[PDB]
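First up is the structure itself, then whatever we jot down about it.
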Amino acid sequence: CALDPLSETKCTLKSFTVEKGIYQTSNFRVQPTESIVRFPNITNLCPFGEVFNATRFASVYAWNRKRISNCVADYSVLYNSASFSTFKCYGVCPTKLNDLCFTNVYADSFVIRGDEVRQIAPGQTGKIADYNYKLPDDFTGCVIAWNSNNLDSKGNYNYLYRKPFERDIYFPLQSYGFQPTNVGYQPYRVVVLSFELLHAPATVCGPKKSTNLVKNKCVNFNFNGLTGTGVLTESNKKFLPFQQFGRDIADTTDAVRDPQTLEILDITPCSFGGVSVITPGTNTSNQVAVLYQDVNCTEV
Amino acid sequence: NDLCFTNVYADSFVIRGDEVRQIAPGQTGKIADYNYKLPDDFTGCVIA
Amino acid sequence: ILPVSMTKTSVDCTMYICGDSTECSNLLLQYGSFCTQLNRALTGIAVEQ
Amino acid sequence: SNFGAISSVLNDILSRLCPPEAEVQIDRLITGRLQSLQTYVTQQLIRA
Amino acid sequence: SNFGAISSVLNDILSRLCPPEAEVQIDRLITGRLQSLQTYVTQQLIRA
Amino acid sequence: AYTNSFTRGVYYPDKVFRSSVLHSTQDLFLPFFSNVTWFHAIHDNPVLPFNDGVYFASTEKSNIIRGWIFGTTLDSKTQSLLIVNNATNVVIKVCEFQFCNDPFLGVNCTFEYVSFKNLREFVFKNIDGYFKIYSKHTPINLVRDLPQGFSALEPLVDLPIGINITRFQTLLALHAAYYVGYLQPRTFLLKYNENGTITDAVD
Amino acid sequence: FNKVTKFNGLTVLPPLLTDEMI
């Protein structure tokens, strides 16, 4: 089907004979020449160790919350660690996190019984998932949890339990029987990383290095995790100082601001159009003519 | 028991019990990202 | 005053549905000939104009 | 339109997710966009 | 018609279930009822 | 006292450029032609409610209006947001403040930040744990009431403070007039012109 | 003629007869 335009016609028609006519066989598209990658020129390594390697976590009724911002996040350091009994992610894939880039990350941190790990998931029903700590049903993030019987057992009455992301401080407040003899009855530490995917300037981004920037040529691109393909160009689009992307009626990006120097780049899809094959019948000749629809002959 | 296959393969090995979490179609971690993983369209049974 | 024709269109339904994603294009093939019969109907409309 | 997917932009789903879940999200976009074309082509056939 | 939901009565789903599952059951009713209107409106355009 | 907010308090709803287009969006906006409460910098700065969000504006010639306070109880039992123009920079804090009953600018902090002829317009909203500030300045000649033309407010600041707010209070320099209007969830149709600027709207 | 007056795979094809042929 890629031998010649008549063969693409035969395949389009699902036929070995072709009658006289003009047949729309395919869309011609210029493929990307090279792949651009573009992230903020920032180098601070993110403080995930200050959350994960902390001496004591909080109680689940009174859970900690650390904002992570303005830093480079090598999530491989967490994801490759043998320490974690579960690492389940929602709205993102763990493999994609180093390819990806967020406005902020919120690291929630607390201690639970090993039975209760199941309740730290999107929209769940249960005593943790209402009276203590709940994830949104549309949560985008990772839940990272492990047994801590070697650290948090003694039992250790200093760990206690009673809307999405809600704190609330007779009262049903009670303490865990965490003893080293306890497996579901052990203490477990959990960190929940929540990812903020607003269209504001990204500040927590993977270690994936930026390339040089290319213009007036068809490229694949990635700006702050916004992947695409097109002829990047300079533009007269008067972005106001707060604006970061531009959009068209299809709700697709048609301009971006470069995160390393704040110029406004137009995005246009690479040269493309319908291909129509003009043929006499194959009973007459195997010769064909090709119409590249709406393109100028200089583009072909 | 109502069914046939052209061949069957019994892959067999030992792991730490924590790594049973990695033995599923498209599951991930330092066993599956290196040295044993099931493809996303795996047909079969995992017995452990 | 009488209408005689209307704007001839073609919609490349693989580009409309999947936007040059190959990952989506491979899923769209599992719907079979829905895309070729959409192009066949629009081409019949266009030749009729 | 999302048609029930996590985003209406196909490159969001492909840059954020991976095949076991990405194909579940993309099939919602395929279903709604294919229904959107079948609606358009039907109404253009009636208007023709 | 159920369209594969637990009930066709939309208030059964909302009185018995809660959002994580209720929205799955409701989207089956929305899918079938929206297809039921697209079928009616297409045949009325043809009949017109 | 009151005045009518003809067309005031429209703002850029998201950080996305759009041009030559009519866009329909749902957000906390000040309703068109709504009566907005009016105050004077003589005999004052009460503790207002914040409701779902606040449009605030000052008709000015003097820069006597210089800051705002926000929170629930404003009494060190919880955090309170404080915003002050120190005559060189905007300074912002979220400490457990114990203010006066009658606070003024004299002529446990989890976060900190630094960066008539005049009308200064502001929109403050507190959504999903973010405190978002939009503003615009314009020349004026109408002294008594808000101008009946059009102009859209643009985001100055966005702070991930996580604080609950139900009350607020402006701050005056002591040893001008200002207006307050609460935002409502409204669908708006916004006319983005060729220069990507909101130039008209329909509430 | 004076009184009468989409990268996404949508396209408009020209008519066979131009206005000058009509």
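Per Swiss-Prot, chain A residues shown: 291-444, 447-454, 462-468, 489-501, 503-620, in order.
Just so it is clear, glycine is given a Cβ too, placed from its N, Cα and C backbone atoms.
Features as listed in Swiss-Prot:
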type: DISULFID; residues: A:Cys291-A:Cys301; note: disulfide bond
type: REGION; residues: A:319-335; note: region 'Disordered'
type: CARBOHYD; residues: A:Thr323; note: O-linked glycosylation site
type: CARBOHYD; residues: A:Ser325; note: O-linked glycosylation site
type: CARBOHYD; residues: A:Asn331; note: N-linked glycosylation site
type: DISULFID; residues: A:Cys336-A:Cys361; note: disulfide bond
type: CARBOHYD; residues: A:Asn343; note: N-linked glycosylation site
type: DISULFID; residues: A:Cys379-A:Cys432; note: disulfide bond
type: DISULFID; residues: A:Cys391-A:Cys525; note: disulfide bond
type: REGION; residues: A:519-541; note: region 'Disordered'
type: DISULFID; residues: A:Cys538-A:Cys590; note: disulfide bond
type: CARBOHYD; residues: A:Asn603; note: N-linked glycosylation site
type: CARBOHYD; residues: A:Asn616; note: N-linked glycosylation site
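Feature map: annotations from Swiss-Prot on the structure.
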residue: A:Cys291; record: disulfide bond; Cβ within 10 Å: 11
residue: A:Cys301; record: disulfide bond; Cβ within 10 Å: 15
residue: A:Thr323; record: O-linked glycosylation site; Cβ within 10 Å: 13
residue: A:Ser325; record: O-linked glycosylation site; Cβ within 10 Å: 13
residue: A:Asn331; record: N-linked glycosylation site; Cβ within 10 Å: 9
residue: A:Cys361; record: disulfide bond; Cβ within 10 Å: 16
residue: A:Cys379; record: disulfide bond; Cβ within 10 Å: 25
residue: A:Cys432; record: disulfide bond; Cβ within 10 Å: 25
residue: A:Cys538; record: disulfide bond; Cβ within 10 Å: 20
residue: A:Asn603; record: N-linked glycosylation site; Cβ within 10 Å: 9
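In this structure the alpha carbons, written CA, of A:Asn603 (N-linked glycosylation site) and A:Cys301 (disulfide bond) are 17 Å apart. Counting Cβ atoms from all protein chains shown, A:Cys336 (disulfide bond) has 22 others lying within 10 Å of its own Cβ. The list of residues near the region 'Disordered' (A:519-541) in space but at least 6 beyond its ends in sequence, with Cβ under 8 angstroms from a Cβ of it, reads 320-332, 336, 358-365, 387-395, 547-554, 564-565, 578-580, 585, 587, 590-591. For A:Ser325 (O-linked glycosylation site), the spatially nearest entry among the recorded positions A:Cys336, A:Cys525, A:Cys590, A:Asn616 is A:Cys590, judged by CA separation. Nearest by CA distance to A:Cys301 (disulfide bond), out of the recorded positions A:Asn331, A:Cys336, A:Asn343, A:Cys361, A:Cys538, is A:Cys538. A:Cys525 (disulfide bond) sits 7 Å from A:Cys361 (disulfide bond), taking the CA atoms of both as reference points. A separation of roughly 23 Å, to the nearest angstrom, links the Cα atoms of A:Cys291 (disulfide bond) and A:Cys590 (disulfide bond). DSSP places the residues of the region 'Disordered' (A:319-335) in helix, strand and coil in these numbers: 0 helix, 4 strand, 13 coil.
Closest by Cα distance to A:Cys361 (disulfide bond), from the recorded positions A:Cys432, A:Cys538, A:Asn616, is A:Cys432. Reduced to three states, the DSSP call for A:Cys336 (disulfide bond) is coil. Mapped onto three states, the DSSP output places A:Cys379 (disulfide bond) in strand. Rounded to a whole value, the Cα-Cα separation of A:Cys590 (disulfide bond) and A:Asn331 (N-linked glycosylation site) is 28 Å. Taken residue by residue, the region 'Disordered' (A:519-541) breaks down under DSSP into 0 helix, 6 strand, 17 coil.
Here A:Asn616 (N-linked glycosylation site) is compared against the recorded positions A:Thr323, A:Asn343, A:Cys379, A:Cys391, A:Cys432, and the shortest C-alpha distance is to A:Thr323. Each of the disulfide-bonded residues A:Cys391, A:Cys525, A:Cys590 was scored by how many other Cβ atoms lie within 10 Å of its Cβ, and the smallest score goes to A:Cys590.
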